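Novice:
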Ligand SMILES: [Ca+2]
Ligand SMILES: [Ca+2]
Ligand SMILES: [Ca+2]
Ligand SMILES: [Ca+2]
Ligand SMILES: [Ca+2]
Ligand SMILES: [Ca+2]
Ligand SMILES: [Ca+2]
Ligand SMILES: [Ca+2]
Ligand SMILES: [Ca+2]
Ligand SMILES: [Ca+2]
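Protein chains in written order, with PDB author numbering: chain P, 2 to 183; chain H, 62 to 183; chain R, 2 to 183; chain Z, 62 to 183.
1) Measuring only between beta-carbons, confirm whether residue 138 of chain P sits less than 8 Å from chain R.
2) Flag residue 132 of chain Z as yes if its beta-carbon sits less than 8 Å from any beta-carbon of chain H, otherwise no.
3) With a cut-off of 8 Å on the beta carbons, I'd call residue 81 of chain P and residue 156 of chain P a contact; round off their distance for me.
4) For chain H, check one thing: does any of its Cβ atoms lie closer than 8 Å to the Cβ of residue 58 of chain P?
5) Got a sec: does ligand 3 put a non-hydrogen atom nearer than 7 Å to the Cβ of residue 183 of chain P?
6) What are the start and end residues of the beta strand (DSSP E) that includes residue 4 of chain R?
7) From the DSSP secondary-structure annotation, give me the bridge partner or partners of residue 10 of chain R.
8) Give the single residue among H/65, H/78, H/140 whose Cα lies nearest to the Cα of residue 12 of chain P.
9) On the DSSP bridge assignment, give the partners of residue 168 of chain P in chain order.
10) For residue 116 of chain P, which of helix, strand or coil comes out of DSSP?
11) For residue 15 of chain P and residue 170 of chain H, which I take to be in contact (beta-carbon distance under 8 Å), what is that distance rounded to the nearest angstrom?
12) Less than 8 Å between CB atoms is the rule here; does residue 169 of chain H satisfy it with respect to chain P?
13) Taking Cβ to Cβ, would you say residue 73 of chain R is nearer than 8 Å to residue 166 of chain R?
14) With burial defined as no fewer than 16 other Cβ atoms inside 10 Å of the residue's Cβ, what is the status of residue 46 of chain P: buried or exposed?
15) For residue 101 of chain H, which option in H/95, H/109, H/176 has the closest C-alpha, if you only look at C-alpha atoms?
16) Below 7 Å, is the gap between the Cβ of residue 164 of chain H and the nearest heavy atom of ligand 4?
17) What do you reckon, are the CB atoms on residue 90 of chain P and residue 127 of chain P nearer than 8 Å?
18) Among the residues of its own chain, which have a CB less than 6 Å from the CB of residue 63 of chain H, if the five just before and after it don't count?
19) From residue 24 of chain R to residue 113 of chain R, what distance separates their C-alpha atoms?
20) In chain order, what are the residue ranges of uninterrupted beta strand (DSSP E) at least 3 long that sit wholly in the stretch 70-135 of chain H?
21) In the DSSP assignment, find the beta strand (DSSP E) that holds residue 43 of chain R and state where it starts and stops.
22) Give the interface partners of residue 156 of chain H over in chain Z, defined as CB-CB distance under 7 Å, in chain order.
23) Distance cutoff 8 Å, beta carbons only. Does residue 95 of chain H sit that close to anything in chain Z?
24) Among H/125, H/70, H/152, H/143, whose alpha-carbon lies nearest the alpha-carbon of residue 96 of chain H?
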């Protein structure tokens with residue numbers, strides 16, 4: 002009569018990847034020395050949000066406009082440190098200098114692992130009503146009573162202005178490139 | 062059990078493994094709880110042979126002491142009741158995935174398709 | 002009827018490595034001589050946290066900006082000693098000079114073994130209420146009543162400033178590279 | 062017993078050895094405690110043959126002197142009771158790992174898969 006092939010059984014699911022692994026928002030500052038002066042100053046920070054089930058990040062940070070900056074600076078070095086402060090006392094404070102880039106070595110590889118990524122768990126003992134803020138600046142709160150894996154990169158500059166050069170508004174541009182994610 | 066669209070899934074995943082376990086939970090205390098991992102398939106080995114025997118098939122007998130007013134539900138999810146006070150031989154296959162998304166690939170709604178083929182019955 | 006292959010039995014576990022073997026946080030100081038003077042001064046320390054089931058560490062410490070430092074110094078030598086102080090009297094005090102780097106030999110290999118890594122066990126006789134602090138500076142406590150394998154690297158500088166050279170804020174940069182871990 | 066995904070585990074481990082011991086603990090004092098290391102598998106020798114005989118299989122007889130109200134549990138973990146006042150022949154295989162993680166490799170959730178194949182039964 003009818004000979005079934007015994008194949009007409011199926012089960013189906015779906016998959017998606019709708020977001021990039023990281024988001025970067027910048028809060029950098031300015032370098033305002035006199036002509037030919039030597040100094041150092043904190044630039045600011047850059048928030049690196051971490052997305053769904055991302056645990057380790059490998060980045061490459063580059064001084065994109067290093068060639069443009071050369072005729073205005075005798076030397077210019079940017080030091081990037083990963084760190085944050087919190088009231089959690091179960092997560093703790095962190096500080097980790099990761100790279101030093103300059104006009105001669107504009108690129109550097111940075112790795113962010115479990116300690117570089119700060120996470121709060123509001124439904125646990127240690128994370129009752131705890132915040133996360135930029136190191137040394139308690140008024141700039143990043144995360145408050147919610148689970149948002151975040152990394153904070155703090156920028157500090159060491160510079161030598163060129164003798165007699167007067168300039169007004171040239172930008173300092175940093176580019177981030179994701180290399181590996183897990 | 063075969064991953065029918067494994068070739069389609071390859072350019073979106075660095076690796077993808079599906080683990081299938083037979084198991085259930087019940088209040089019978091005469092049939093008991095069961096758990097049995099049966100196969101692990103992937104994009105390189107899409108097919109696997111699975112055998113379901115007496116313990117993999119859960120049956121209730123409402124007119125007996127041990128099966129008075131007993132249910133059968135998915136392991137770990139008591140609100141999803143499969144069988145209630147009736148004789149219906151049933152097996153539950155639970156799926157778990159281990160995956161590595163490909164770097165930089167953005168995708169929306171591609172399906173994951175599993176095909177079942179009966180080989181022998183008794 | 003049915004011929005079983007007798008293969009459908011499985012048991013599964015998981016593995017992860019989510020942290021790098023070491024963490025380095027810096028507390029270095031400054032070198033402030035007169036123009037052309039000869040002297041020596043303690044720079045500071047650098048805390049090296051040890052992670053899960055890590056017992057021996059082989060590092061490479063480099064003076065990253067040695068070329069930049071050359072026109073300001075006739076010579077500059079950095080001596081790194083591993084050591085700590087404690088009240089444990091079951092762990093004891095430690096001191097171990099590990100490397101001497103300079104502008105001509107900027108890199109050196111350092112090995113940290115069981116004695117270089119200080120660990121407390123608060124639930125034992127010898128480690129009741131004991132602390133760990135930087136040698137010679139009792140007010141800088143590193144570990145208190147908890148198990149955190151830590152190594153302390155202390156920096157001391159021997160320098161000769163160049164005659165007549167006036168400089169303000171150039172940085173001294175040390176880079177650490179992990180070679181082997183067990 | 063085979064390490065099914067040994068090839069997948071290779072780029073994350075310099076070496077990885079799994080030691081399997083058959084053993085159990087009990088209050089029977091007529092069956093006694095048992096411990097028997099049976100195999101050591103690794104990424105280079107993923108498979109090993111294991112034989113379970115009369116001592117590896119623990120059985121209780123609740124209607125006898127020595128097995129009055131006796132339990133069987135995992136060695137060193139008294140809170141995980143396997144069998145209680147009933148006749149259920151059971152063998153317990155305990156797993157211990159010796160591993161060397163690869164230098165600088167960061168990984169999150171890859172699985173370790175063991176496959177069991179029956180060869181002979183009596
Ligand atoms: Ca100048
Ligand atoms: Ca100045
Ligand atoms: Ca992840
Ligand atoms: Ca990846
Ligand atoms: Ca048949
Ligand atoms: Ca001199
Ligand atoms: Ca002097
Ligand atoms: Ca170790
Ligand atoms: Ca190693
Ligand atoms: Ca036989």
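Every residue, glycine too, gets a C-beta built ideally from N, C-alpha and C.
Specialist: So, from the listed chains and residues:
1) At a cut-off of 8 Å, the C-beta of residue 138 of chain P has no neighbouring C-beta in chain R.
2) No, residue 132 of chain Z lies away from the interface with chain H (no Cβ there is under 8 Å from its Cβ).
3) Taking C-beta atoms under 8 Å as the contact rule, residue 81 of chain P and residue 156 of chain P qualify, at a distance of about 6 Å.
4) Chain H has no Cβ within less than 8 Å of the Cβ of residue 58 of chain P.
5) For ligand 3, at least one heavy atom lies less than 7 Å from the Cβ of residue 183 of chain P.
6) That residue, residue 4 of chain R, is in no beta strand (DSSP E); it is neither H nor E in DSSP.
7) Residue 10 of chain R is not bridged to any residue.
8) Per the Cα distances, H/65.
9) Partner(s): none; residue 168 of chain P has no beta bridge.
10) Residue 116 of chain P falls in the coil class under three-state DSSP.
11) That pair is a contact at about 6 Å.
12) It does; some Cβ of chain P falls within 8 Å.
13) Judged by beta-carbon spacing, residue 166 of chain R lies within the 8 Å limit of residue 73 of chain R, meaning their Cβ atoms are closer than that value.
14) Within 10 angstroms of the beta-carbon of residue 46 of chain P lie 16 or more other beta-carbons, which makes it buried.
15) Ranking H/95, H/109, H/176 by Cα distance to residue 101 of chain H puts H/109 first.
16) Under cutoff, so the answer is yes.
17) Against a cut-off of 8 Å, the Cβ pair of residue 127 of chain P and residue 90 of chain P comes out as a contact.
18) Once the five neighbours on either side are set aside, the close Cβ partners of residue 63 of chain H are 107, 108, 176.
19) Note on geometry: alpha-carbon atoms of residue 24 of chain R and residue 113 of chain R lie some 14 Å from one another.
20) Taking only runs of at least 3 residues, the beta strand (DSSP E) segments lying wholly in the stretch 70-135 of chain H are 74-87, 95-103, 132-134.
21) 39-51 is the span of the beta strand (DSSP E), which, as asked, contains residue 43 of chain R.
22) Near residue 156 of chain H there are no residues of chain Z at all, since even the closest Cβ is about 14 Å away, more than 7 Å.
23) No - not a single Cβ of chain Z is within 8 Å of the one on residue 95 of chain H.
24) Considering only alpha carbons, the answer is H/152.
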